[PDB]
Amino acid sequence: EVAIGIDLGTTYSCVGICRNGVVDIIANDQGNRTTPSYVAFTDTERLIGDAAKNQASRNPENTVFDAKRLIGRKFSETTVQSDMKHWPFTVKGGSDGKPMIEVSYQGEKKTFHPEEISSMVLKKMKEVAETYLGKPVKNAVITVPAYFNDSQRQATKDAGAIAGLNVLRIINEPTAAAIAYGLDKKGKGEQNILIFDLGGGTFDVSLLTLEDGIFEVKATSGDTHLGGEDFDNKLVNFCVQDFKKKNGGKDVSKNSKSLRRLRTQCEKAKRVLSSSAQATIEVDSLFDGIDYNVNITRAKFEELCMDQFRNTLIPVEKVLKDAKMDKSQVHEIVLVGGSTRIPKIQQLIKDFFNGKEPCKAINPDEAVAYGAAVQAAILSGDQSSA
Ligand SMILES: Nc1ncnc2c1ncn2[C@@H]1O[C@H](COP(=O)(O)OP(N)(=O)O)[C@@H](O)[C@H]1O
Ligand SMILES: [Cl-]
Ligand SMILES: [Cl-]
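Its PDB header attributes the entry to X-ray crystallography and lists the resolution as 2.360 Å.

With the PDB entry as reference, the protein is termed Heat shock protein 70, source organism Plasmodium falciparum. As recorded by UniProt, the Sequence similarities (unreviewed entry) comment attached to the protein reads in full: "Belongs to the heat shock protein 70 family."

Undergrad: I keep staring at the overall build of the protein and nothing clicks. Help me out?
TA: Each helix and strand in the protein was counted, giving eleven helices and 18 strands. The C-alpha atoms of the protein give a radius of gyration of 21 Å, which matches the 21 Å a tight globule of 386 residues would have. C-alpha atoms of the protein, sized along the principal axes, occupy 65 × 50 × 40 Å. Here the protein holds 386 residues, and 52% of them are scored as buried. Considering only contacts in the protein between residues 6 or more positions apart, those separated by 24 or more positions represent 63%. Total accessible area computed for the protein in this model is approximately 17400 Å², and 45% of it derives from carbon and sulfur atoms.

Undergrad: Would you explain the site of ligand 1 in this entry?
TA: By nearness alone, 17 residues border ligand 1, and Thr 11, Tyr 12, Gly 200, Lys 270 and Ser 274 come closest of all. Within the backbone of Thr 11, one N or O atom sits 2.8 Å away from a nitrogen atom of ligand 1. One of the side-chain nitrogen or oxygen atoms of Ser 274 is found 2.7 Å away from a nitrogen atom of ligand 1. The protein chains hide 91% of the 580 Å² of surface that ligand 1 would expose on its own. Broken down by element, the residue count for the shell around ligand 1 peaks at three residues, all from helix 7 (residues 256–272).

Undergrad: I keep staring at the sheet that holds strand 9 (residues 99–105) and nothing clicks. Help me out?
TA: For sheets, the rule is that strands pair by backbone hydrogen bonds, running either parallel or antiparallel. The three strands lie next to each other as 8-9-10, forming an open sheet whose pairing is antiparallel. Edge positions in the open sheet fall to strand 8 (90–93) and strand 10 (108–112), since each of these has one partner strand only. Neighbour to neighbour, the strand axes of the sheet diverge by 35° on average, direction disregarded. As defined by bridge partners, strand 8 adjoins strand 9 across four bridges and the pair is classed as antiparallel. When the sheet's bridge partners are listed, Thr 90 is paired in strand 9 with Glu 102.

Undergrad: How should a negative patch on the surface be read in this particular structure?
TA: The grouping of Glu 190, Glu 211, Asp 212 and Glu 216 at the surface amounts to a negative patch. Along the chain, the position of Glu 216 falls in strand 15 (residues 215–223). Residue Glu 216 is classed as partly exposed on the basis of its relative accessible area, which comes to 45%.

Undergrad: What's the story with the environment of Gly 9 in this structure? I'm lost.
TA: Within the fold, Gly 9 resides in the loop between strand 1 (3–7) and strand 2 (12–19). Relative accessible area serves as the criterion here: at 10%, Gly 9 is assigned to the buried category. Separated by 25 residues in the primary sequence, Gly 9 and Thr 34 place their C-alpha atoms 9.6 Å from one another. If we ignore the near neighbours within four places in the chain, the residues touching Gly 9 are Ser 37 and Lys 68.

Undergrad: Teacher, can you tell me more about the pairing of strand 14 (residues 203–210) here?
TA: In regular strands, side chains alternate between the two faces of the sheet. By the criterion of burial, strand 14 is predominantly enclosed, with eight of the eight residues buried. Burial along strand 14 is two-sided: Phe 203, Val 205, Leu 207 and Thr 209 facing one way and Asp 204, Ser 206, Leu 208 and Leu 210 facing the other are all buried. By the bridge criterion, eight bridges tie strand 13 (residues 191–198) to strand 14 in an arrangement that is antiparallel. Bridging across to strand 14, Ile 195 finds its partner in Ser 206. As consecutive antiparallel partners, strand 13 and strand 14 are separated by four residues. For strand 14 and strand 15, the ladder comprises eight bridges, and the chain directions are antiparallel.

The rules behind these values
- Residues numbered from 1 in each chain as written, not as in the entry; some residues may be left out.
- Chains lettered and ligands numbered in written order.
- Heavy atoms only, no water.
- UniProt positions renumbered as here; feature names shortened; annotations may be inferred.
- Helix = DSSP H or I, 4+ residues; strand = E, 2+ residues; numbered from the N terminus.
- Rg over C-alpha atoms; globule rule 2.2 N^0.38 Å.
- Buried < 20%, exposed > 50% of the residue type's maximum accessible area, 1.4 Å probe, protein only.
- Contact = heavy atoms within 4.5 Å.
- Areas by Shrake-Rupley, 256 points an atom, 1.4 Å probe, with all protein chains shown as cover.
- Near = heavy atom within 4 Å.
- Polar contact = N/O pair within 3.5 Å; in protein donor to acceptor, adjacent residues only side chain to side chain.
- Pairing = 2+ DSSP bridges.
- Axes fitted to C-alpha atoms, helices over the stretch in contact; angles between N-to-C directions.
- Patch = residues over 30% accessible without salt bridge, like charges linked within 9 Å, V, L, I, M, F, W, Y side chains within 5 Å.
- Salt bridge = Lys/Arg side-chain N within 4 Å of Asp/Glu carboxyl O.
- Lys, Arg positive; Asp, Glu negative; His and termini not counted.
- Charge placed at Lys NZ, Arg CZ, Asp CG, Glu CD.

Written out as structure tokens, the structure is:
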């Protein structure tokens, strides 16, 4: 009976349920409405979500994340060779050509396929819904990026099966976001929908057409390496240089633990800057027992990220060009992904679309799970959302 919608995200995952036409996004044990797509292995336990992300800087080698960049891929693909520089954990190729993530768990060397790591994230999201409902959950709709190939979709479905879920369907993330806003029901006639999805690691723009309750992905573009983590890195690079000017050329970047601790505080300041004009980045005993403190204005953050923010419009122009349509022909602009909370990004998109207000009523990092939950309820025979 009970079916959930799961956004299996690169950096964060989210679980929703649609009952009586109402969608509840379910909070985890820590009260978080999204859960990090992190899995860590220690001498005693296997941590998933918040607990895994929280100990990442203390256990870099055995804390896995970014499995979505490896799922359904051959280890030899150029994408894997390029991305692996960003991972403190070890990834090797198996005799079947599949990636094998190598960690230490309880003093033993263990290997996992990307779909096994993703199955642990999915199992945690299943448990988050189960704790809320007080009942077991078997059915689910899981989302994937529109550009995911058959191998990536099938490996994501397999991750669901391993997690104990009966995957009703694998659907596209941009389509799930459009379904969340009821754009398939609302009004009538052909509608051109632009989904602007800027998450923690990726940027995806998708141009959809909707005629008679049927969504079609006309064109997609973006950048698989542009997200919130790149804006955090702009703050990290600035702080590293600021520390040098304050402490006679001392270089924080030589210590990877100092960088990780600084990155944690840079991301917190970035979030504050979405609703405040200023924020403080503070790390006690950052490097060589030296305390670090700096005040960052929203203007300074905007300046450090200026080119990256403006360049988000390039894939918007590209999808419009590929779909052979003018920006004036876009009926709805849906903001998806946690980074769309950045005021400058919202302003740039609004100005590009000549003052058109983007649809952002749903928490952008929840809209995909919200749409997947609606689709899960429809596929279970519940027509109340319509
Ligand atoms: N209030 C906020 N302002 C700026 N950035 C924010 C934010 N709230 C969340 N974010 C960013 O959103 C990113 C995560 O986005 P989300 O949509 O949940 O994850 P995902 N797996 O789709 O990448 C992180 O980089 C985080 O810093
Ligand atoms: Cl249901
Ligand atoms: Cl309930």
